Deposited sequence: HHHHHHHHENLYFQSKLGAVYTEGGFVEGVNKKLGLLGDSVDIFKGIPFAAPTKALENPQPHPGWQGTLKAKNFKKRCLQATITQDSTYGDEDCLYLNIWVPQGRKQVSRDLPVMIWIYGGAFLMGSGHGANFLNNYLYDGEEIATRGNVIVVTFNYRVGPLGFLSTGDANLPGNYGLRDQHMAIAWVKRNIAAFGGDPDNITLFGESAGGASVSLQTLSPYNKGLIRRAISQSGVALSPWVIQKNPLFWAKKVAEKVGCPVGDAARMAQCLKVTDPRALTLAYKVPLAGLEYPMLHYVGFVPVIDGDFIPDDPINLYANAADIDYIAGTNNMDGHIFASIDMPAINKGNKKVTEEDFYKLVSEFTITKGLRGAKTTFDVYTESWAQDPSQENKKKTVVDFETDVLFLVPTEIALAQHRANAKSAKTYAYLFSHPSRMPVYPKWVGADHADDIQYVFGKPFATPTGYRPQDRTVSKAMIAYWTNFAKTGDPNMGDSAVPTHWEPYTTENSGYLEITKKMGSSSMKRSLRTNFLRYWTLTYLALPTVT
């Protein structure tokens, strides 16, 4: 009931065994297995050679080169394509045919690490409580992951190819660790959720992926696909002195520039912003005609046989509303009708004055009755949540359902607070932190964490969140066009926790009324 040295495609790998409880359960922990060669700036990833003797996989390796919080310096390294594995172990014998869950972290495609914020992405609690293998890994972010010219000179999507190389590695190697290679589940959040979604839609992953979970992000969110990459490539070239005149000479120059200078070329200011934060998403995935062959809305046939959960947090837009409208935090300042109109008008520019007005009117319908500052502030949060997360997620749900063959579809809404649910509130419960650091959490927090892991890992095992090694508080009904049901996740769950048609008039507003209006110029 211990793996010892594991024979992988590159050679033997040695991790660490950690006993759990008194009876003799344990978990095998591997950190720092390479799945791809040290990266070359703006080039596609490539195989990692192979070692002799025994690779010791004891410590996390460096994340990929990215800007620090105060974007004055960088950390990480070009040699960052590493993954980490937790394998649970019972008392009798070594595990075999385990479901395998691969975590893709988020961070607006600008930041992140396999271990993550702090470690948050310690897979031990998912693996031991759900009885699954958890894989975490690094991929390239920022300009080094996503700089692109929009054509073959610099096709972008380097960070998405790194993700694909990790998934392919797991498929061909995870059996040696006790995993079922035909039963791989991707899950991820924010930028990671969008990436999970993009991986299911890419032809590159045919046959590799069995199921997927998108938390707070899908390939259809407006901050995912860069429609004018050449513009952002030219801002970076100017900042580092590359000649802008010609695409092919611009590409060749960019590939030779100091990767630290590429990373720090552009900075997202925090203090004073002209436009909403969405206008400043720069280095993100691109429709390249290769790894992403078309607009993601046209790719869902590739997910016909991939079971899919997608969901959002109650108040996912809160952090972005607070930045775009700082009067959301400080109760000293009123949120005014004039500020919301300005916000909304900046989100609806291609539909002009009439699209701003229709949107302002629907979202402020309820302001006549009790025009209090809490209802107004809630309205700004709901607007950002709708446009950035909820509406794209429901379009993805419907599109996945319409194209499904054998695939099941499921929707959730996470609403449990701890200070509803702000952005990335769900991660710590999904990863079992209320159990791994119990003093920092309340007993009700351990109640939500247990239920999410149970659903998530039941789904990993069978494609059905209700059926697996764990009991669940309430029956999660698959999503159909007819029932349009979602599970609402909270402290107290019973049969009423299955609801339907979340904020449906708004979904109808965005998908029928708003797009029916003429584009202007």
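Absent C-alpha positions map to the deposited sequence ranges 1-14, 133-136, 438-445, in order along the chain.
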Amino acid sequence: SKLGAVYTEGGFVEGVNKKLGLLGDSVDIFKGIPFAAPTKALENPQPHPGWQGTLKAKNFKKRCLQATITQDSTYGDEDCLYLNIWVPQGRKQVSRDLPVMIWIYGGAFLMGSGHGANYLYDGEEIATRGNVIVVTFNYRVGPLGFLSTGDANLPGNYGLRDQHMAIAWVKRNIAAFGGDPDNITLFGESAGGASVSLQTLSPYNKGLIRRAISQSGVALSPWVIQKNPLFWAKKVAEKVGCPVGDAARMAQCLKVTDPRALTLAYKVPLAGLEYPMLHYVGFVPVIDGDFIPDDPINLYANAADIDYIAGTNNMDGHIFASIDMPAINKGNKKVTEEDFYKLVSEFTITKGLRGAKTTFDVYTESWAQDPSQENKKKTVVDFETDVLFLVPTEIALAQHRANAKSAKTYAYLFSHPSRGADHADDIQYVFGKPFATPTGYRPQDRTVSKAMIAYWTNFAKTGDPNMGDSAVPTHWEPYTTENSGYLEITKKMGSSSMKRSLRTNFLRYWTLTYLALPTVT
From here on, numbers count along this sequence of modelled residues.
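Throughout, rigid core stands for the largest set of C-alpha atoms superposing within 1.5 Å between the two forms.
Choosing between 101-109 and 390-398, the greater Cα displacement from the shown form in 5 other deposited structures of this protein, fitted by the core, goes with 101-109. Root mean square Cα distance to the shown form, taken over structures and residues in 5 other deposited structures of this protein after a core fit, is higher for 342-350 when 342-350 and 293-301 are compared.
For residue 222, the record comparison shows coordinates present in all the other entries of this protein that model its neighbours, with no third of them leaving it out. Residue 405, present in the displayed chain, carries coordinates in each of the other PDB entries compared that cover both sides of it, far from a third leaving it out. For the pair 64-72 and 467-475, the mean Cα B-factor is higher in 64-72. Remark: stretch with higher mean C-alpha B factor among 208-216 and 151-159 is 151-159. Comparing the listed residues 240, 303, 388, 135, the entry records the largest Cα B-factor for 240.
Residue set 124, 384, 422, 180: peak C-alpha B-factor at 422 (per PDB entry). Looking at the C-alpha B-factors along this chain, the one for residue 451 belongs to the middle third. Annotation for residue 321: CA B-factor lies in the highest third of the chain's modelled residues.
Ranked against the other modelled residues of its chain, the C-alpha B-factor of residue 493 as given in the entry falls in the highest third.
Per the PDB record, residue ranking by Cα B-factor puts residue 252 in the highest third of the chain. In the deposited entry, the Cα temperature factor of residue 461 sits in the bottom third of values across the chain's modelled residues.
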